[PDB]
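In what follows, a single structure is set out as structure tokens and then discussed.
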Amino acid sequence: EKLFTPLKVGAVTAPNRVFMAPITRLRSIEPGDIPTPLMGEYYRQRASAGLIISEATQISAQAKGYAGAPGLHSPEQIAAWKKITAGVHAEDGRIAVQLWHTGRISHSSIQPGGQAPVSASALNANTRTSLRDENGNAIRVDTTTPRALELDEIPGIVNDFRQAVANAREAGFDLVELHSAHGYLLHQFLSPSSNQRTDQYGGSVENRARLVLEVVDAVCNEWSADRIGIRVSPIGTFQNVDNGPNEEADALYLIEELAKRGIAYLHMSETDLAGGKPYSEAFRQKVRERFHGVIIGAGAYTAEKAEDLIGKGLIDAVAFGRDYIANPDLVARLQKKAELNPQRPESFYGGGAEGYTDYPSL
Ligand SMILES: Cc1cc2nc3c(=O)[nH]c(=O)nc-3n(C[C@H](O)[C@H](O)[C@H](O)COP(=O)(O)O)c2cc1C
């Protein structure tokens with residue numbers, strides 16, 4: 001077994017390879033999109049993870065697409081996250097913040113000024129997002145058609161990622177994960193399906209990857225490359241965003257570019273909850289010979305599959321989502337081959353402590 005051995009992840013050393021995937025839970029305070037002490041308890045319970053990766057967190061108010069998702073742009077958000085990371089560190093854990101801009105997976109009612117959300121192009125996502133009703137309960141609502149960003153608005157988006165990384169470092173996070181997956185803003189630019197621009201930010205793969213690489217460079221300069229990870233979902237379809245007709249070649253272009261920056265890790269979300277074709281081992285080997293940081297795999301993994309791929313020299317760590325929702329001591333359970341707590345999906349999104357902090361350890 002290698003799952004219970006240490007791994008150097010940029011500037012941090014994880015004691016095991018069992019990571020907590022980023023999981024949106026929609027329990028923040030409104031107004032202000034403020035993290036809470038309840039969220040702090042939830043993360044502290046999971047501090048034995050080799051690395052915790054937080055729920056997706058807004059870089060700015062414009063970044064918001066889901067009612068109840070936290071931000072990392074305001075003074076009050078910084079102060080609340082500082083308490084949360086201090087609690088994880090008091091339990092000897094490590095925590096990364098996942099930073100996003102939702103782009104077109106959003107609704108005008110939760111944008112600044114009630115305006116349409118932004119994207120690469122003025123194309124509706126044709127999906128839903130999560131709002132709150134008048135009683136504070138999570139509800140699903142069709143996405144609003146976005147406005148295409150003007151060329152002169154792109155530097156501001158880059159700066160918003162940079163600023164959020166400055167804030168994250170101050171807030172005590174160990175690493176930052178850029179959310180470049182699942183059809184959110186960075187992925188909206190990467191994918192030809194969602195990006196019909198004819199300027200330097202659309203068309204060729206070089207142009208489609210331009211924004212995400214500008215963001216990577218800005219955040220490495222703000223902090224250090226060994227503090228930066230990135231999550232991609234570059235093979236298959238996620239939230240109606242496919243990866244275009246040359247997905248493998250385009251993914252390998254992006255990964256070779258990322259490798260040049262010496263970033264801490266590449267986190268691959270391999271399939272959504274409905275599943276799909278597995279990554280081929282040939283593709284995994286092409287990724288591995290191009291990237292020389294840590295590779296994290298995710299998407300309906302088992303411990304056995306993680307061991308197999310770590311033993312083949314193809315990935316370094318696994319991130320578990322739903323098993324981490326339900327098992328605060330997932331590491332110990334996998335080590336001991338114990339049963340896993342029964343999951344309660346009704347309480348994944350929204351609500352309070354029930355189905356959040358009430359799953360027991362062994
Ligand atoms: C309730 C829920 C919320 C999620 N929120 C995020 C998120 O904030 N960021 C992200 O990149 N992926 C998110 N995901 C995907 C998970 O990180 C993970 O990749 C996925 O759950 C598949 O892995 P699993 O079979 O281990 O659960 C979410 C998944 C679920 C079920």
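Within each chain, counting starts at residue 1; across the structure tokens, chains are named A, B, ... in the order shown, with ligands numbered 1 upward in that order.
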
Interface rows for chain A against ligand 1: nearest pair, Å to one decimal, 7 Å, only C-alpha atoms and all ligand atoms, as a tab-separated table:
```
residue	atom	partner	partner_atom_place_in_ligand_line	distance
A:21	CA	ligand 1	17 (O)	4.4
A:22	CA	ligand 1	17 (O)	4.4
A:23	CA	ligand 1	5 (N)	3.5
A:24	CA	ligand 1	5 (N)	3.8
A:25	CA	ligand 1	1 (C)	6.2
A:55	CA	ligand 1	8 (O)	4.3
A:56	CA	ligand 1	8 (O)	4.0
A:179	CA	ligand 1	11 (O)	6.1
A:181	CA	ligand 1	11 (O)	6.5
A:182	CA	ligand 1	11 (O)	6.8
A:231	CA	ligand 1	11 (O)	6.7
A:269	CA	ligand 1	19 (O)	5.4
A:272	CA	ligand 1	22 (C)	6.1
A:273	CA	ligand 1	22 (C)	6.0
A:298	CA	ligand 1	19 (O)	5.2
A:299	CA	ligand 1	23 (O)	3.8
A:300	CA	ligand 1	25 (O)	3.2
A:301	CA	ligand 1	26 (O)	5.9
A:319	CA	ligand 1	26 (O)	6.5
A:320	CA	ligand 1	26 (O)	3.7
A:321	CA	ligand 1	27 (O)	3.6
A:322	CA	ligand 1	27 (O)	3.8
A:323	CA	ligand 1	26 (O)	6.1
A:348	CA	ligand 1	1 (C)	5.1
A:349	CA	ligand 1	1 (C)	6.3
```

- Task: Excluding residue 286 (chain A) and any residue of its chain fewer than 5 positions from it, enumerate the residues within 10 Å of it, using only C-alpha atoms, and give them as a list in words.
- Result: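 Listing them by chain and then by number gives residues 248, 252, 255, 281, 291 and 314 of chain A.
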
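Take the candidates A:305, A:162, A:260, A:44 and check each one against residue 3 (chain A) using only C-alpha atoms; the shortest distance goes to A:305.
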
- Message: I want to know what sits within 9 Å of residue 193 (chain A), based on only C-alpha atoms, with residues of the same chain fewer than 2 positions away left out; could you give that as number ranges by chain?
- Response: A: 188, 190-191, 195-196, 240-244

Write the residues of the selection above to a file with N, CA and C atoms, as a PDB file, in the first residue's frame.
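Full text of selection_11.pdb as output:
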```pdb
ATOM      1  N   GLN A 188     -15.024  27.806 -19.630  1.00  0.00           N
ATOM      2  CA  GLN A 188     -15.800  28.457 -20.689  1.00  0.00           C
ATOM      3  C   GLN A 188     -14.896  29.047 -21.774  1.00  0.00           C
ATOM      4  N   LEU A 190     -11.673  27.837 -22.271  1.00  0.00           N
ATOM      5  CA  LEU A 190     -10.923  26.720 -22.843  1.00  0.00           C
ATOM      6  C   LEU A 190     -11.693  25.985 -23.928  1.00  0.00           C
ATOM      7  N   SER A 191     -13.004  25.835 -23.763  1.00  0.00           N
ATOM      8  CA  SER A 191     -13.814  24.963 -24.619  1.00  0.00           C
ATOM      9  C   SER A 191     -14.307  25.688 -25.871  1.00  0.00           C
ATOM     10  N   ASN A 195     -16.871  29.045 -26.297  1.00  0.00           N
ATOM     11  CA  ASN A 195     -16.036  30.184 -26.666  1.00  0.00           C
ATOM     12  C   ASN A 195     -16.075  30.336 -28.189  1.00  0.00           C
ATOM     13  N   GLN A 196     -16.818  31.348 -28.666  1.00  0.00           N
ATOM     14  CA  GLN A 196     -16.894  31.697 -30.083  1.00  0.00           C
ATOM     15  C   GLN A 196     -16.183  33.017 -30.378  1.00  0.00           C
ATOM     16  N   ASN A 240     -22.755  20.424 -19.548  1.00  0.00           N
ATOM     17  CA  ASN A 240     -23.005  20.782 -20.962  1.00  0.00           C
ATOM     18  C   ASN A 240     -21.823  21.387 -21.701  1.00  0.00           C
ATOM     19  N   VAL A 241     -20.664  21.431 -21.096  1.00  0.00           N
ATOM     20  CA  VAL A 241     -19.502  21.995 -21.753  1.00  0.00           C
ATOM     21  C   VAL A 241     -18.693  20.775 -22.178  1.00  0.00           C
ATOM     22  N   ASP A 242     -18.597  20.512 -23.482  1.00  0.00           N
ATOM     23  CA  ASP A 242     -17.637  19.507 -23.923  1.00  0.00           C
ATOM     24  C   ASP A 242     -16.277  20.173 -24.069  1.00  0.00           C
ATOM     25  N   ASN A 243     -15.297  19.396 -24.486  1.00  0.00           N
ATOM     26  CA  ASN A 243     -13.931  19.872 -24.649  1.00  0.00           C
ATOM     27  C   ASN A 243     -13.527  19.988 -26.118  1.00  0.00           C
ATOM     28  N   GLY A 244     -14.501  20.079 -26.991  1.00  0.00           N
ATOM     29  CA  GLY A 244     -14.223  20.321 -28.390  1.00  0.00           C
ATOM     30  C   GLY A 244     -13.780  19.085 -29.130  1.00  0.00           C
TER      31      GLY A 244
END
```

- Backbone-only DSSP, strand (DSSP E) members of region 60-290 of chain A, as a PyMOL selection string: chain A and resi 95-100+118-119+128-132+138-142+147-148+175-180+228-232+265-269

Okay, now the selection with N, CA and C atoms, as an mmCIF file, in the first residue's frame?
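Writing the result to again.cif gives the following:
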```
data_model
loop_
_atom_site.group_PDB
_atom_site.id
_atom_site.type_symbol
_atom_site.label_atom_id
_atom_site.label_comp_id
_atom_site.auth_asym_id
_atom_site.auth_seq_id
_atom_site.Cartn_x
_atom_site.Cartn_y
_atom_site.Cartn_z
ATOM 1 N N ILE A 95 -4.815 22.731 4.304
ATOM 2 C CA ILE A 95 -6.021 23.116 3.563
ATOM 3 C C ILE A 95 -5.692 24.068 2.419
ATOM 4 N N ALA A 96 -6.182 23.699 1.234
ATOM 5 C CA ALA A 96 -6.132 24.539 0.046
ATOM 6 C C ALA A 96 -7.493 25.177 -0.163
ATOM 7 N N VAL A 97 -7.523 26.403 -0.689
ATOM 8 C CA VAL A 97 -8.797 26.997 -1.093
ATOM 9 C C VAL A 97 -8.960 26.829 -2.602
ATOM 10 N N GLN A 98 -10.126 26.308 -3.021
ATOM 11 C CA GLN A 98 -10.464 26.275 -4.444
ATOM 12 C C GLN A 98 -11.109 27.615 -4.828
ATOM 13 N N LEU A 99 -10.506 28.332 -5.770
ATOM 14 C CA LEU A 99 -10.968 29.638 -6.201
ATOM 15 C C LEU A 99 -11.643 29.532 -7.562
ATOM 16 N N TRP A 100 -12.846 30.088 -7.678
ATOM 17 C CA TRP A 100 -13.568 30.090 -8.936
ATOM 18 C C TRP A 100 -14.152 31.444 -9.296
ATOM 19 N N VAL A 118 -21.220 37.095 -16.698
ATOM 20 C CA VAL A 118 -20.290 37.231 -17.809
ATOM 21 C C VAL A 118 -19.733 35.874 -18.253
ATOM 22 N N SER A 119 -19.257 35.841 -19.509
ATOM 23 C CA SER A 119 -18.606 34.652 -20.042
ATOM 24 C C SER A 119 -17.697 35.030 -21.214
ATOM 25 N N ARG A 128 -28.825 24.509 -14.829
ATOM 26 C CA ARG A 128 -29.342 25.171 -13.644
ATOM 27 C C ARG A 128 -28.200 25.526 -12.701
ATOM 28 N N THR A 129 -28.515 26.437 -11.788
ATOM 29 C CA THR A 129 -27.693 26.771 -10.649
ATOM 30 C C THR A 129 -28.565 26.723 -9.393
ATOM 31 N N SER A 130 -27.966 26.944 -8.221
ATOM 32 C CA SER A 130 -28.683 26.862 -6.949
ATOM 33 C C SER A 130 -28.822 28.245 -6.327
ATOM 34 N N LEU A 131 -30.079 28.692 -6.164
ATOM 35 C CA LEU A 131 -30.444 29.894 -5.437
ATOM 36 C C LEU A 131 -30.958 29.518 -4.045
ATOM 37 N N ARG A 132 -31.459 30.508 -3.294
ATOM 38 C CA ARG A 132 -32.179 30.249 -2.050
ATOM 39 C C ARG A 132 -33.569 30.847 -2.177
ATOM 40 N N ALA A 138 -32.168 25.846 -0.283
ATOM 41 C CA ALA A 138 -31.621 25.716 -1.639
ATOM 42 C C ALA A 138 -32.712 25.330 -2.641
ATOM 43 N N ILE A 139 -32.699 25.983 -3.805
ATOM 44 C CA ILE A 139 -33.594 25.704 -4.937
ATOM 45 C C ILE A 139 -32.806 25.766 -6.246
ATOM 46 N N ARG A 140 -33.240 25.055 -7.260
ATOM 47 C CA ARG A 140 -32.513 25.030 -8.528
ATOM 48 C C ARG A 140 -33.260 25.889 -9.543
ATOM 49 N N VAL A 141 -32.521 26.735 -10.283
ATOM 50 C CA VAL A 141 -33.084 27.724 -11.205
ATOM 51 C C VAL A 141 -32.274 27.746 -12.493
ATOM 52 N N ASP A 142 -32.957 27.915 -13.630
ATOM 53 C CA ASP A 142 -32.284 27.961 -14.924
ATOM 54 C C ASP A 142 -31.287 29.123 -14.981
ATOM 55 N N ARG A 147 -23.456 37.898 -20.723
ATOM 56 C CA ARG A 147 -22.811 38.910 -21.547
ATOM 57 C C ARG A 147 -21.371 38.495 -21.843
ATOM 58 N N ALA A 148 -20.944 38.646 -23.095
ATOM 59 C CA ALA A 148 -19.561 38.367 -23.443
ATOM 60 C C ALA A 148 -18.637 39.445 -22.878
ATOM 61 N N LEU A 175 -2.310 26.224 0.230
ATOM 62 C CA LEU A 175 -2.234 26.192 -1.223
ATOM 63 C C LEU A 175 -3.504 26.844 -1.762
ATOM 64 N N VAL A 176 -3.485 27.127 -3.059
ATOM 65 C CA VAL A 176 -4.646 27.567 -3.824
ATOM 66 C C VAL A 176 -4.879 26.611 -4.977
ATOM 67 N N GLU A 177 -6.143 26.243 -5.227
ATOM 68 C CA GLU A 177 -6.510 25.434 -6.396
ATOM 69 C C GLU A 177 -7.343 26.317 -7.318
ATOM 70 N N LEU A 178 -6.875 26.547 -8.542
ATOM 71 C CA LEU A 178 -7.672 27.282 -9.520
ATOM 72 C C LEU A 178 -8.735 26.366 -10.124
ATOM 73 N N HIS A 179 -10.008 26.814 -10.134
ATOM 74 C CA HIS A 179 -11.108 25.985 -10.660
ATOM 75 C C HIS A 179 -11.200 26.194 -12.172
ATOM 76 N N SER A 180 -10.477 25.381 -12.929
ATOM 77 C CA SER A 180 -10.435 25.445 -14.380
ATOM 78 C C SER A 180 -11.229 24.303 -15.003
ATOM 79 N N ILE A 228 0.561 26.774 -5.939
ATOM 80 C CA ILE A 228 -0.553 26.824 -6.889
ATOM 81 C C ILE A 228 -0.840 25.435 -7.464
ATOM 82 N N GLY A 229 -2.104 25.015 -7.364
ATOM 83 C CA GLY A 229 -2.618 23.875 -8.093
ATOM 84 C C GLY A 229 -3.716 24.315 -9.049
ATOM 85 N N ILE A 230 -4.114 23.403 -9.928
ATOM 86 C CA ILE A 230 -5.176 23.697 -10.884
ATOM 87 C C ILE A 230 -6.004 22.454 -11.098
ATOM 88 N N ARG A 231 -7.333 22.626 -11.104
ATOM 89 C CA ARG A 231 -8.257 21.548 -11.422
ATOM 90 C C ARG A 231 -8.784 21.711 -12.837
ATOM 91 N N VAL A 232 -8.677 20.636 -13.619
ATOM 92 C CA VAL A 232 -9.161 20.581 -15.001
ATOM 93 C C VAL A 232 -10.092 19.382 -15.139
ATOM 94 N N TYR A 265 0.617 21.220 -8.406
ATOM 95 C CA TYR A 265 -0.147 20.036 -8.796
ATOM 96 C C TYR A 265 -1.144 20.303 -9.916
ATOM 97 N N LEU A 266 -1.499 19.204 -10.581
ATOM 98 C CA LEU A 266 -2.534 19.082 -11.612
ATOM 99 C C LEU A 266 -3.585 18.117 -11.075
ATOM 100 N N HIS A 267 -4.834 18.586 -10.922
ATOM 101 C CA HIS A 267 -5.925 17.792 -10.349
ATOM 102 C C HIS A 267 -6.919 17.532 -11.487
ATOM 103 N N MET A 268 -7.055 16.261 -11.876
ATOM 104 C CA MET A 268 -7.904 15.880 -12.989
ATOM 105 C C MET A 268 -9.222 15.290 -12.480
ATOM 106 N N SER A 269 -10.313 15.986 -12.778
ATOM 107 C CA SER A 269 -11.668 15.488 -12.548
ATOM 108 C C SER A 269 -12.099 14.707 -13.778
#
```

- Task: Could you tell me which of A:225, A:11, A:80, A:16 comes closest to residue 28 (chain A) if we count only C-alpha atoms?
- Result: A:80

Residues of region 83-161 of chain A in helix (DSSP H, G or I), written as an mmCIF file with N, CA and C atoms, in the first residue's frame:
```cif
data_model
loop_
_atom_site.group_PDB
_atom_site.id
_atom_site.type_symbol
_atom_site.label_atom_id
_atom_site.label_comp_id
_atom_site.auth_asym_id
_atom_site.auth_seq_id
_atom_site.Cartn_x
_atom_site.Cartn_y
_atom_site.Cartn_z
ATOM 1 N N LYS A 83 -10.196 32.123 10.794
ATOM 2 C CA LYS A 83 -10.550 31.261 11.930
ATOM 3 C C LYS A 83 -10.604 29.795 11.491
ATOM 4 N N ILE A 84 -11.162 29.553 10.307
ATOM 5 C CA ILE A 84 -11.309 28.188 9.779
ATOM 6 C C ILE A 84 -9.951 27.542 9.544
ATOM 7 N N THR A 85 -9.031 28.252 8.893
ATOM 8 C CA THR A 85 -7.733 27.638 8.659
ATOM 9 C C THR A 85 -6.973 27.454 9.962
ATOM 10 N N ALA A 86 -7.121 28.370 10.918
ATOM 11 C CA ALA A 86 -6.468 28.186 12.215
ATOM 12 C C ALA A 86 -6.967 26.916 12.885
ATOM 13 N N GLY A 87 -8.266 26.630 12.766
ATOM 14 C CA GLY A 87 -8.784 25.418 13.379
ATOM 15 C C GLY A 87 -8.244 24.153 12.731
ATOM 16 N N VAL A 88 -8.131 24.139 11.399
ATOM 17 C CA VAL A 88 -7.536 22.999 10.697
ATOM 18 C C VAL A 88 -6.084 22.820 11.120
ATOM 19 N N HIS A 89 -5.336 23.932 11.193
ATOM 20 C CA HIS A 89 -3.935 23.845 11.581
ATOM 21 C C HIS A 89 -3.763 23.387 13.026
ATOM 22 N N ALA A 90 -4.677 23.753 13.927
ATOM 23 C CA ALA A 90 -4.610 23.289 15.307
ATOM 24 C C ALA A 90 -4.777 21.771 15.403
ATOM 25 N N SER A 108 -28.868 36.275 -12.848
ATOM 26 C CA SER A 108 -28.778 37.721 -12.658
ATOM 27 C C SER A 108 -29.184 38.159 -11.246
ATOM 28 N N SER A 109 -30.092 37.431 -10.589
ATOM 29 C CA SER A 109 -30.584 37.876 -9.281
ATOM 30 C C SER A 109 -29.502 37.868 -8.190
ATOM 31 N N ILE A 110 -28.372 37.188 -8.410
ATOM 32 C CA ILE A 110 -27.272 37.127 -7.455
ATOM 33 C C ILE A 110 -25.981 37.717 -8.018
ATOM 34 N N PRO A 112 -23.895 41.392 -9.029
ATOM 35 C CA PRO A 112 -23.917 42.828 -8.683
ATOM 36 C C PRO A 112 -24.871 43.620 -9.591
ATOM 37 N N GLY A 113 -25.725 44.435 -8.977
ATOM 38 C CA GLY A 113 -26.673 45.224 -9.724
ATOM 39 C C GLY A 113 -27.779 44.444 -10.396
ATOM 40 N N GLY A 114 -27.888 43.134 -10.160
ATOM 41 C CA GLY A 114 -28.882 42.317 -10.828
ATOM 42 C C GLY A 114 -28.637 42.123 -12.299
ATOM 43 N N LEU A 151 -12.810 42.769 -24.496
ATOM 44 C CA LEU A 151 -11.377 42.553 -24.418
ATOM 45 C C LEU A 151 -10.758 43.335 -23.262
ATOM 46 N N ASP A 152 -11.197 44.589 -23.058
ATOM 47 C CA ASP A 152 -10.565 45.404 -22.024
ATOM 48 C C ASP A 152 -10.987 45.029 -20.610
ATOM 49 N N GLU A 153 -11.911 44.085 -20.451
ATOM 50 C CA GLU A 153 -12.271 43.559 -19.142
ATOM 51 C C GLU A 153 -11.401 42.372 -18.723
ATOM 52 N N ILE A 154 -10.647 41.778 -19.636
ATOM 53 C CA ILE A 154 -9.864 40.584 -19.289
ATOM 54 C C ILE A 154 -8.812 40.872 -18.226
ATOM 55 N N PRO A 155 -8.025 41.962 -18.303
ATOM 56 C CA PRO A 155 -7.030 42.204 -17.233
ATOM 57 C C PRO A 155 -7.650 42.266 -15.848
ATOM 58 N N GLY A 156 -8.872 42.792 -15.748
ATOM 59 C CA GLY A 156 -9.532 42.856 -14.465
ATOM 60 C C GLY A 156 -9.846 41.479 -13.905
ATOM 61 N N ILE A 157 -10.262 40.531 -14.762
ATOM 62 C CA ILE A 157 -10.482 39.160 -14.310
ATOM 63 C C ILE A 157 -9.181 38.549 -13.783
ATOM 64 N N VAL A 158 -8.085 38.730 -14.511
ATOM 65 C CA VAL A 158 -6.787 38.241 -14.046
ATOM 66 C C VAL A 158 -6.446 38.833 -12.683
ATOM 67 N N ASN A 159 -6.613 40.146 -12.551
ATOM 68 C CA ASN A 159 -6.352 40.810 -11.280
ATOM 69 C C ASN A 159 -7.234 40.271 -10.151
ATOM 70 N N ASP A 160 -8.492 39.939 -10.444
ATOM 71 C CA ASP A 160 -9.372 39.400 -9.407
ATOM 72 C C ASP A 160 -8.845 38.057 -8.894
ATOM 73 N N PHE A 161 -8.360 37.186 -9.789
ATOM 74 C CA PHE A 161 -7.720 35.953 -9.320
ATOM 75 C C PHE A 161 -6.471 36.261 -8.481
#
```

- Non-local contacts of residue 207 (chain A) (12 Å; only C-alpha atoms; under 3 positions in same chain excluded) as a ChimeraX atom specification: /A:120,189-192,195-204,210-214,250,253-254

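Here CA of residue 72 (chain A) and CA of residue 34 (chain A) stand 8.6 Å from one another.
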
- Which of A:69, A:186, A:168, A:39 sits closest to residue 104 (chain A) [using only C-alpha atoms]: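 Smallest separation from residue 104 (chain A) among the options: A:186.
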
- Message: Give me the residues near residue 102 (chain A) as a list in words, where near means some atom within 9 Å (using only C-alpha atoms) and where sequence neighbours in that chain fewer than 6 positions away do not count.
- Response: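 These residues fall inside the cut-off: residues 58, 62, 63, 64, 65, 66, 117, 118, 119, 183, 184, 185 and 186 of chain A.
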
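Pairwise distance (CA of residue 14 (chain A), CA of residue 51 (chain A)) equals 6.2 Å.
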